[PDB]
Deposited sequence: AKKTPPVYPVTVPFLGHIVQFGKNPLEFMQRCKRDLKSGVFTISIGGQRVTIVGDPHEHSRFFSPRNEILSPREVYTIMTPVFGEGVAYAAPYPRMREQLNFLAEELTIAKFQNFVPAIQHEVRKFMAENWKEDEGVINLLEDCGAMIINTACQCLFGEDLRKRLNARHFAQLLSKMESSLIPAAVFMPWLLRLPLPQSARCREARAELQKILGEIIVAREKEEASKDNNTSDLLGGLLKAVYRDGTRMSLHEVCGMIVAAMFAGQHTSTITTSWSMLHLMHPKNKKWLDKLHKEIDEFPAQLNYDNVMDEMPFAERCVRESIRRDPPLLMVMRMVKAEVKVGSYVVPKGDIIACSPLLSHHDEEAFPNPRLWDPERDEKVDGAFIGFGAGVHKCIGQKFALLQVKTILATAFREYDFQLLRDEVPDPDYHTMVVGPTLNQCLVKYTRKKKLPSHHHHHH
């Protein structure tokens, strides 16, 4: 009457660790079936990990507030990247204000100068890196830069960028992420070797605010932010919120974009691309807000389906402070409760043919899709991400046709914190169009 099933473990100290990491999808789908149940509890190093793997129950995982299902204790890994007292590392009532602060920078108000701004920077990269009319790309790596450029372009003010280029803002993020490795969620030079890259960026920041005062973007907005108790944000506090904002968008969107273009450039799917064209073809090079947002519904379905099939975030997780019920089963305080976009988006009631890419499919259980989370942890980057990505496809499939070298689409590479299409498989051949 008290707790969901448990899965067999041959040797206890290992805790399913190699079984997951080999393939976590295969793994989890096997647990589900065999264990004749969508909810089920796996062990990692004798640490009990109960997955909410029946789509019908998603509400159970995402509705209860942080005090009942706490994210902090799982995501401690990030404290050195974000800050100490920022995001999870901060206290919840406070964190919420940070969420809203950030959310009050991606508001649809500040999106009016984004579409063109990102559209322009796409070409800059194209005309300067895709030079010939016969192409090579490592799409994963190329998207990686388009995204971190267009975002910086979107959120970094002219004075900021000139001091901190997109091309090598990355290098900092990419030094900060080096601190993060697998097997940190359930269990140093890099604490300082990433600390140095934060301390670098931070003092690069503090050095631009002095040039602002003696005299608006995400930074600008963030500094004019005042807490409940009327306090302002510390230098590092603010610095982190740029880091987290920016970290968050970059792999997930790069991957989302890379996946998306891969399916579309694939012949198997070239009725969809033609539909993409029937959608973007009477649009001129002058992309405006109303175009990407109101007149690109099918393009959005492609992007959404790309996330549906290969979600970049495989698990989200909480720490069960109070006890919670989920279907018949119950989850006992002290447990790590998880919920996996990857497994969930493979349930068969919800997504028939879950390895098929059907942009015009529709979840058959309501709430199944959770590639941007749900409940009280709905992603705040969502609209923006969709906006980047949409515009990029719009621009890049207008003015090009694309050709995957392979016979079929790449294989996800489950061997990272944030999953995308296998790097070495992402080679593509572009060819100009007029």
Against the full deposited sequence, which stretches does the structure leave out? 1, 189-195, 224-231, 451-460
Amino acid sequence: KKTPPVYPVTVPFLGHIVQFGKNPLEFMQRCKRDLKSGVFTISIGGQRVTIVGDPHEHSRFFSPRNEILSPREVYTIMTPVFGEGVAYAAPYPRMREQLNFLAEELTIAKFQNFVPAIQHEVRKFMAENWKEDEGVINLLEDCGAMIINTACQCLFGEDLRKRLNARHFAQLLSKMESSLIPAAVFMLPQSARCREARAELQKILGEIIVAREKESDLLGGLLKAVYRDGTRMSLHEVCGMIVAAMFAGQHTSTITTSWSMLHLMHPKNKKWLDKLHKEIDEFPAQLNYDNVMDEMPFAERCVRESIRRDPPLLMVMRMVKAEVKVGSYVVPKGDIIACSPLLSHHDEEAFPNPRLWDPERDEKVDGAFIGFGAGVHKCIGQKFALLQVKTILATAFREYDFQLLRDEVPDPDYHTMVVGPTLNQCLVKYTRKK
From here on, numbers count along this sequence of modelled residues.
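Rigid core: the largest C-alpha set superposing within 1.5 Å between the two forms.
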After a rigid core fit, does 91-99 or 307-315 show more C-alpha displacement in 9 other deposited structures of this protein? 91-99
Which of 190-198 and 108-116 lies farther, on average, from the shown form in 9 other deposited structures of this protein once the rigid core is superposed (C-alpha RMS)? 190-198
Of 261-269 vs 127-135, the stretch with the larger average CA B-factor in the entry is 127-135
Taking the mean of the C-alpha B-factors per stretch from the entry, tell me the winner out of 302-310 and 77-85. 77-85
Please work out which residue in 341, 354, 249, 189 has the highest C-alpha B-factor recorded for this crystal structure. 189
Say you rank 333, 361, 318, 345 by Cα B-factor from the PDB entry; which sits at the top? 333
State the tercile, meaning the lowest, middle or highest third, of residue 404 with respect to the CA B-factors recorded for its chain. middle
By the entry's values, the third containing the CA B factor of residue 113 is the middle
Chain thirds of CA B-factor: placement of residue 420: lowest
Residue 241: which third of its chain by C-alpha temperature factor? lowest
Lowest, middle or highest third: which one holds residue 182 when the chain's residues are ordered by CA B-factor from the entry? highest
